[PDB]
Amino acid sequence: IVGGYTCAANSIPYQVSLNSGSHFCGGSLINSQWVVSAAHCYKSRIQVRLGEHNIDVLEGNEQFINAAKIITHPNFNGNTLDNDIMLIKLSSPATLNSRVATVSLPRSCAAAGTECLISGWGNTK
């Protein structure tokens, strides 16, 4: 995130960190059993980390569960990046609590000018 600010600890409870040795991509918990992400983030082995704020320290509120199934969209296109979505099923259901919560899917599409909040541990420069 370039030009952003540091989020309040656990203020984005649906934010997960995809880990394969180190954090490589973000994701969102939309179900106690399912995480949604970007198909271009695909790796055959992935560990999902929930309840994270500082990815470099065990603060205590984290739950690490390996993905059991990773399903990218059948029409995902690597050239155009059309249908850049992937679903990940956890091997064990996450325990929903204060620092770990699901995010609602959309009721409808958003009108232009709608303010949104974007988060992640990506490059800041």
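Start at 1 with the first residue shown and count on from there.
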| query | finding |
| --- | --- |
| Mean C-alpha temperature factor, higher of 23-31 and 50-58 | 50-58 |
| Of 95-103 and 34-42, the stretch whose C-alpha atoms average the higher B-factor in the entry | 95-103 |
| Deposited CA B-factor, highest of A9, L117, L18, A110 | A9 |
| Record-listed C-alpha B factor of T72: chain third | highest |
